[PDB]
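Notes for the one structure printed next.
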Amino acid sequence: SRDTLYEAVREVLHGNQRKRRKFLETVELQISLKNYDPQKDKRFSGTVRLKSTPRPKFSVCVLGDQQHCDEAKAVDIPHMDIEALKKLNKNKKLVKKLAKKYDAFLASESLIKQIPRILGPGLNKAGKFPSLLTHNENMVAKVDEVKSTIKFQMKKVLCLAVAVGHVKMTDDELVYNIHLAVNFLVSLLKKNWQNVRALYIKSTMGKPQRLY
Amino acid sequence: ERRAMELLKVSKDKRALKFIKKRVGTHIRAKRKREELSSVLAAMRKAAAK
Amino acid sequence: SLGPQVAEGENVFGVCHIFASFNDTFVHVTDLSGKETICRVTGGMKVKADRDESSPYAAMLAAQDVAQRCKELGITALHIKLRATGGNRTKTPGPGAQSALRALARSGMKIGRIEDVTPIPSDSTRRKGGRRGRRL
Amino acid sequence: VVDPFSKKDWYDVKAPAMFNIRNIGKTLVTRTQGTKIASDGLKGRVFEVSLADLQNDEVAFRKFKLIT
RNA sequence: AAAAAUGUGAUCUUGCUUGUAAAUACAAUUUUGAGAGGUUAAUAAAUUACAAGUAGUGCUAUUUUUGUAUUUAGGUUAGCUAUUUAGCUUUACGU
RNA sequence: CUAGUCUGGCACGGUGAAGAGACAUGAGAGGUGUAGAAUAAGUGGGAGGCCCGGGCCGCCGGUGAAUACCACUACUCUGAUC
């Protein structure tokens, strides 16, 4: 459990061969896992926290019958109170497509009378649990929830992928994200000696190329 | 020292620590030598990368 | 233990050094040189008695067993080197060879040349025995 | 527990052109397994081929000795 | 068995993996008829139920209507063959 | 209990070739449960961006997560050794 040292961890400005598109790209962190069983009780999962979150692209489900409902319509999202929940019945799961369609949900003062129910755990470790600490109020912080925290999980492919960088925000805001990302990964890393094989570099879309 | 580098390549940390301890002496010297060999192993890995 | 050569054109040759003394019988099948063997049986394997190792029925059974083992490896024809006791004592083969040469013929083994390779001495040292001889 | 005569190849025995019949027979030869050489193991051997088997239309009582 | 939907953060009962059952004929019979083996057990085979992980899902888990009433009952699981008329397999496609 | 003697280990005291066994590196082939016109190749992908106003497959009908622009990966052979 020893991957480390920040003497020469710099000069990440070279992104001409990777990024030549019009829009802004997502530089991701991936790793190759070894000595891990996919099906049994071996579970590698956790919540890595960043301070300055660059740009996670994901959709947010918004529900409410208050001023939040009136102010969330300026985001130009298809917001709808009860017919949107009526559209998502128990038929879109019988249909083979995934009946989730949202990576985030709402937990605010409109649904605070409906939230204290028996429904507890779920996709909290997957990272689909709204809370008041991470700004899921959605009248002003709906735009700010585009910049949200990150999390990671495992599946049967036996690989890891998380979004830690974006070459809008400069690399001075991303280097501290790299510091905190590896600082939480070493702390959150059963007995497993040196799981870190090779940290990957990643952009939005493309072809393979080796650089550490 | 090249044998200790080969033990670092085949990743046997406990046997490498015991071997470096048997060669140089005390455990403080062995722990410092293991970290110095890991640092130059990372330097050689960076040199083999570019 | 298989023959890759053609079965119709040419049959696989070997030799058998048939040793037959008065109380011992070998059936030793070897190649044409003699350095590399194929199989070898003794009378003690068949009969658990040293008084009748040179038996005609046991020699017939041993010859049929060696012929079956030889057809398992795939050698069709055999030359017959008929050894005897030899030396300075006697020059007479045992009675088991007369049964064994008929048994290996009736078992289905092709017969080539038959000759003796008995170590016949011309002029040698003193024969084992006293002046008066074998008293009984 | 294994059969000894399993990994044995068969090499054909050749005669010089001054006689009639080219082929004589075959003899089990081990493969070239690493250090040892099959041609080195097949260095000194002596066969026994009669004159009637060597030359076709001649006498039969005479014999020779053929070294390989 | 298919359809309102308040819900339990909107939201279904898990084709997978791991631990448990307690089900899952005997005989004929290739050594062996008998008492175990090495059935069986333990305990990574599988169909059903429980819990975990998560491939399966926001765990746990909820409600209205329809399938009412043509309640039905009979029957096809229709063949192959022949130009047509028609002939005509208890279903062989090793038999 | 020892001179003396025997044996084993450590440094003095290296090299070239063949044979057997184990480990690692640079590369090229490399993926067909149901189903889909197609080795679903792979996950966060992305509805689009590349090149010279125009070029590609899409989103998806159908699979339990579908092609361009970012990584060598669970893993099967070829494979040259400072």
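Here, A, B, ... name the chains of the structure tokens in the order displayed, residue numbers run from 1 inside each chain, and ligands are numbered from 1 in the same displayed order.
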Closest contacts (chain A/chain E, max 7 Å, only C-alpha atoms (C1' of nucleotides)) as CSV:
```
residue,atom,partner,partner_atom,distance
A:39,CA,E:17,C1',4.9
A:40,CA,E:17,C1',6.0
A:41,CA,E:53,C1',6.2
A:85,CA,E:10,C1',5.1
A:90,CA,E:12,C1',6.5
A:105,CA,E:9,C1',6.9
A:106,CA,E:9,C1',6.8
A:107,CA,E:9,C1',6.8
A:115,CA,E:9,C1',6.1
A:117,CA,E:8,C1',5.6
A:118,CA,E:8,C1',5.7
A:119,CA,E:8,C1',5.4
A:120,CA,E:59,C1',6.6
A:121,CA,E:59,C1',5.1
A:122,CA,E:58,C1',4.8
A:123,CA,E:58,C1',5.2
A:156,CA,E:55,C1',6.7
```
Secondary structure check, helix (DSSP H, G or I) residues of range 22-53 of chain D, as a ChimeraX atom specification: /D:38-41,51-53
Please, could you write that set of residues out with C-alpha atoms as a PDB file, in the first residue's frame?
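The resulting file, result-v8.pdb, is shown below:
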```pdb
ATOM      1  CA  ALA D  38      20.766 -39.804 -31.962  1.00  0.00           C
ATOM      2  CA  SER D  39      23.532 -39.909 -34.583  1.00  0.00           C
ATOM      3  CA  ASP D  40      26.062 -40.224 -31.754  1.00  0.00           C
ATOM      4  CA  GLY D  41      24.048 -43.015 -30.145  1.00  0.00           C
ATOM      5  CA  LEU D  51      24.204 -63.325 -48.807  1.00  0.00           C
ATOM      6  CA  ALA D  52      20.842 -64.749 -49.908  1.00  0.00           C
ATOM      7  CA  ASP D  53      19.063 -61.767 -48.339  1.00  0.00           C
TER       8      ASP D  53
END
```
Distance of CA of residue 61 in chain A from CA of residue 148 in chain A, expressed in Å to one decimal place: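 A separation of 14.3 Å between them.
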Contacts of residue 78 in chain E at 12 Å (only C-alpha atoms (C1' of nucleotides); same-chain gap of 4+ positions) as a PyMOL selection string: chain E and resi 88-89+91
Within 12 Å of chain F: residues of chain B, using only C-alpha atoms (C1' of nucleotides), as a list in words: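 Going by the stated atoms only, the list reads residues 6, 7, 8, 9, 10, 11 and 48 of chain B.
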Which chain C residues have any atom within 6 Å of an atom of chain D, and for each, what is the nearest pair of atoms with distance in Å to one decimal, counting only C-alpha atoms, rows sorted by chain and number, as a Markdown table?
```
| residue | atom | partner | partner_atom | distance |
| --- | --- | --- | --- | --- |
| C:1 | CA | D:6 | CA | 5.5 |
| C:32 | CA | D:47 | CA | 6.0 |
| C:33 | CA | D:47 | CA | 4.5 |
```
For residue 180 in chain A: contacts at 9 Å, only C-alpha atoms (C1' of nucleotides), fewer than 4 positions along chain excluded, given as a PyMOL selection string: chain A and resi 48-51+175-176+184-185
Residues just named, written with N, CA, C and O atoms as a CSV table (one decimal), in the first residue's frame:
```csv
chain,number,residue,atom,x,y,z
A,48,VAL,N,-14.5,9.7,-2.8
A,48,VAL,CA,-13.3,10.6,-2.8
A,48,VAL,C,-13.9,12.0,-2.9
A,48,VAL,O,-14.7,12.3,-3.7
A,49,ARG,N,-13.4,12.9,-2.0
A,49,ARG,CA,-13.9,14.3,-2.0
A,49,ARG,C,-12.9,15.3,-2.6
A,49,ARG,O,-11.7,15.2,-2.2
A,50,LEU,N,-13.4,16.1,-3.4
A,50,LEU,CA,-12.6,17.2,-4.0
A,50,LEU,C,-13.0,18.5,-3.4
A,50,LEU,O,-14.1,18.7,-2.9
A,51,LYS,N,-12.1,19.5,-3.4
A,51,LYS,CA,-12.4,20.8,-2.9
A,51,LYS,C,-13.0,21.7,-4.0
A,51,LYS,O,-14.1,22.3,-3.8
A,175,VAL,N,-4.6,20.7,-9.8
A,175,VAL,CA,-3.5,20.1,-9.1
A,175,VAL,C,-3.8,19.8,-7.7
A,175,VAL,O,-3.5,18.7,-7.2
A,176,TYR,N,-4.5,20.7,-7.0
A,176,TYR,CA,-5.0,20.4,-5.6
A,176,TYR,C,-6.0,19.3,-5.6
A,176,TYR,O,-6.1,18.5,-4.6
A,184,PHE,N,-7.0,10.8,-0.6
A,184,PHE,CA,-8.1,10.0,-0.1
A,184,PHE,C,-8.1,8.6,-0.7
A,184,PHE,O,-8.5,7.6,0.0
A,185,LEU,N,-7.4,8.4,-1.8
A,185,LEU,CA,-7.3,7.0,-2.4
A,185,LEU,C,-6.3,6.2,-1.5
A,185,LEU,O,-6.5,5.0,-1.3
```
Interatomic distance (Å, one decimal) between CA of residue 112 in chain C and CA of residue 13 in chain C: 8.6 Å
Polymer residues at most 7 Å from residue 80 in chain C, only C-alpha atoms (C1' of nucleotides), same-chain spacing of 3 or more positions, as a ChimeraX atom specification: /C:15-17,113-115
Write out, as a tab-separated table (two decimals), in the first residue's frame, the residues just selected, with N, CA, C and O atoms.
```tsv
chain	number	residue	atom	x	y	z
C	15	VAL	N	14.64	-61.11	-34.15
C	15	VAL	CA	15.29	-62.39	-33.90
C	15	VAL	C	14.93	-62.83	-32.49
C	15	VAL	O	14.59	-62.00	-31.64
C	16	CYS	N	14.94	-64.14	-32.26
C	16	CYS	CA	14.69	-64.71	-30.94
C	16	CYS	C	15.84	-65.64	-30.58
C	16	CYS	O	16.13	-66.59	-31.32
C	17	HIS	N	16.50	-65.35	-29.46
C	17	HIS	CA	17.57	-66.19	-28.92
C	17	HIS	C	16.93	-67.19	-27.97
C	17	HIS	O	16.78	-66.95	-26.76
C	113	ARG	N	15.25	-67.40	-41.04
C	113	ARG	CA	16.34	-68.36	-40.95
C	113	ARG	C	16.48	-68.89	-39.53
C	113	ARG	O	16.27	-68.17	-38.56
C	114	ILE	N	16.84	-70.17	-39.43
C	114	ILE	CA	17.06	-70.83	-38.15
C	114	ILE	C	18.51	-71.29	-38.10
C	114	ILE	O	18.96	-72.04	-38.98
C	115	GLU	N	19.24	-70.83	-37.09
C	115	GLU	CA	20.65	-71.20	-36.97
C	115	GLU	C	21.03	-71.25	-35.50
C	115	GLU	O	20.30	-70.78	-34.63
```
Distance filter 12 Å, only C-alpha atoms, chain A against chain B, as an NGL selection string: :A and (1-9 or 193-194 or 197-198 or 210-212)
Proximal residues of chain D relative to chain F (only C-alpha atoms (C1' of nucleotides); 10 Å) as a PyMOL selection string: chain D and resi 33-36
Residues near residue 56 in chain C, cut-off 8 Å, only C-alpha atoms (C1' of nucleotides), skip fewer than 6 positions along chain, as a PyMOL selection string: chain C and resi 95-100
12 Å contact set for residue 137 in chain A, only C-alpha atoms (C1' of nucleotides), chain neighbours under 4 positions out, as number ranges by chain: A: 60-64, 66-69, 71-72, 104-112, 130-133, 141-145
Write the selection just made, keeping C-alpha atoms, as a JSON list (two decimals), in the first residue's frame?
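Below is the file that was written, result38.json:
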```json
[["chain", "number", "residue", "atom", "x", "y", "z"],
["A", 60, "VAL", "CA", -30.47, 16.23, -11.92],
["A", 61, "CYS", "CA", -34.05, 15.26, -11.10],
["A", 62, "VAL", "CA", -35.97, 18.23, -9.65],
["A", 63, "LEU", "CA", -39.30, 17.89, -7.83],
["A", 64, "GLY", "CA", -41.32, 20.49, -5.97],
["A", 66, "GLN", "CA", -43.11, 25.70, -4.34],
["A", 67, "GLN", "CA", -40.93, 28.62, -5.48],
["A", 68, "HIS", "CA", -38.24, 26.02, -6.27],
["A", 69, "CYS", "CA", -40.54, 24.69, -9.01],
["A", 71, "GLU", "CA", -37.28, 29.10, -10.29],
["A", 72, "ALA", "CA", -36.00, 25.78, -11.69],
["A", 104, "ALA", "CA", -28.90, 12.93, -8.79],
["A", 105, "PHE", "CA", -32.16, 13.58, -6.93],
["A", 106, "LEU", "CA", -33.72, 16.25, -4.73],
["A", 107, "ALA", "CA", -33.95, 16.54, -0.92],
["A", 108, "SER", "CA", -35.20, 20.02, -0.01],
["A", 109, "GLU", "CA", -37.89, 21.85, 1.94],
["A", 110, "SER", "CA", -40.60, 20.87, -0.56],
["A", 111, "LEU", "CA", -40.02, 17.11, -0.10],
["A", 112, "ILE", "CA", -38.86, 17.33, 3.53],
["A", 130, "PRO", "CA", -29.33, 13.75, -2.22],
["A", 131, "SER", "CA", -28.51, 15.71, 0.92],
["A", 132, "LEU", "CA", -28.55, 19.27, 2.23],
["A", 133, "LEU", "CA", -24.76, 19.30, 2.70],
["A", 141, "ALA", "CA", -27.82, 25.65, -6.55],
["A", 142, "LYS", "CA", -29.33, 23.87, -9.58],
["A", 143, "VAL", "CA", -26.75, 25.64, -11.75],
["A", 144, "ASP", "CA", -24.06, 25.02, -9.12],
["A", 145, "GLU", "CA", -24.87, 21.28, -8.96]]
```
Picked from range 80-167 of chain A by DSSP as strand (DSSP E), as JSON, numbers by chain: {"A": [160, 161, 162, 163, 164, 165]}
